[PDB]
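**Q** Sending over a structure as structure tokens; questions will come in a sec.
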Amino acid sequence: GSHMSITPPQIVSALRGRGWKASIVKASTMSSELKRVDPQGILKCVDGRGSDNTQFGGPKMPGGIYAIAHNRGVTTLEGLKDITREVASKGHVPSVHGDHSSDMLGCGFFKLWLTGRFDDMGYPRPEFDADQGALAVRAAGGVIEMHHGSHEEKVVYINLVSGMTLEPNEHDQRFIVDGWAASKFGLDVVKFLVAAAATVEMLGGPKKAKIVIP
């Protein structure tokens, strides 16, 4: 695994520098919401909407496993299938998602990536569309989740408590980012968090973060 190079207060500084409101929350203040990761839960998107998911307890990352491919600059279906099997072998059921309004283009993160909204940040675009990616993930043993409703995220939780995660609540929505999980998969963490913040910004999400720590 890789590790975080940056500290929580720096993350906060980084966010405030981007015009965000950000603070540090102690895991003890969330003893109730913080759930231990269940290896049977899908590693899914930070999306705060409800969905047909029945495999809870998995870590949250932008676009599900797309976050891993995005961070590493993996842009092929085969590479995506590699990542799908890698995730499955590291204690999590891999997945990507779409919704009922825009089908596979229902994942804000991937749409941003596919449409080049990450060009300015120097990210290689994927070499496949949302439909190809989803089917490729499925064929490699991954899950295709489907959301519904509208985005009503009120806050962004950047959880740094390893082995723990936060779940969606469609009636009181929030974006959830398990930063500790980027470390587990050897991603450039700073680079991952910045990508997550930019994702929320470009989707017009709430620029308010709560950084959860042990």
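Numbering (the entry's author numbering), first residue to last: -3 to 0, 433 to 642.
Note that CB positions come from ideal geometry on N, CA and C, so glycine has one too.
#1: Which residues does DSSP list as the beta-bridge partners of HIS599?
#2: Taking the alpha helix (DSSP H) that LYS509 falls in, what are its first and last residues?
#3: From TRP608 to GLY570, what does the alpha carbon distance come to, in whole angstroms?
#4: Which of helix, strand or coil does DSSP assign to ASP531?
#5: Might you give, ordered along the chain, the residues of its own chain that have their beta carbon closer than 7 Å to the beta carbon of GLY447, omitting 5 neighbours on each side?
#6: Suppose you measure from the CA of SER590 to the CA of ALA516; what does that come to, to the nearest Å?
#7: Could you check where the beta strand (DSSP E) with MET574 kicks off and where it finishes?
#8: For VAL605, which residues of its own chain have a beta-carbon under 8 Å away from its beta-carbon, when the five flanking residues on both sides are left out?
#9: Quick check on DSSP: helix, strand or coil for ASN499?
#10: Within a Cβ cutoff of 7 Å, which residues of the same chain sit near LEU508, ignoring the five residues on either side of it in sequence?
#11: Going by other Cβ atoms of all chains shown within 10 Å of its Cβ, with 16 needed for buried, is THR627 buried or exposed?
#12: Taking the DSSP output, what are the residues bridged to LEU540?
#13: DSSP three-state label for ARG566, please.
#14: CB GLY486 to CB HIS525, shorter than 8 Å?
#15: Classify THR435: buried if its beta carbon has 16 or more other beta carbons within 10 angstroms, exposed otherwise.
#16: Under a Cβ-count criterion, where at least 16 other Cβ atoms within 10 Å of its own Cβ denotes burial, should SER479 be classed as buried or exposed?
#17: Drop a sphere of 10 angstroms on the beta-carbon of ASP600, count the other beta-carbons inside from all chains shown, and report buried for 16 or more, exposed for fewer.
**A** Judging by the given coordinates:
#1: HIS599 pairs with nothing; no bridge assigned.
#2: In the DSSP annotation of this structure, the continuous segment of the alpha helix (DSSP H) that includes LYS509 starts and ends at 505 to 517.
#3: 22 Å
#4: strand
#5: If we look at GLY447 and ignore the five residues flanking it on each side, its Cβ neighbours are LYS635.
#6: Straight through space, the alpha carbons of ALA516 and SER590 are spaced by roughly 18 Å.
#7: 571 to 575
#8: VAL474, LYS488, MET489, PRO490, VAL584, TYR585, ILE586, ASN587, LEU621 and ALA624
#9: Note: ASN499 maps to helix in three-state DSSP.
#10: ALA497, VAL502, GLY561, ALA564 and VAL565
#11: So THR627 counts as buried.
#12: Partner(s): none; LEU540 has no beta bridge.
#13: helix
#14: no
#15: Counting C-beta atoms within 10 angstroms of its own C-beta, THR435 has fewer than 16 neighbours from the protein chains shown and is therefore classed as exposed.
#16: buried
#17: exposed
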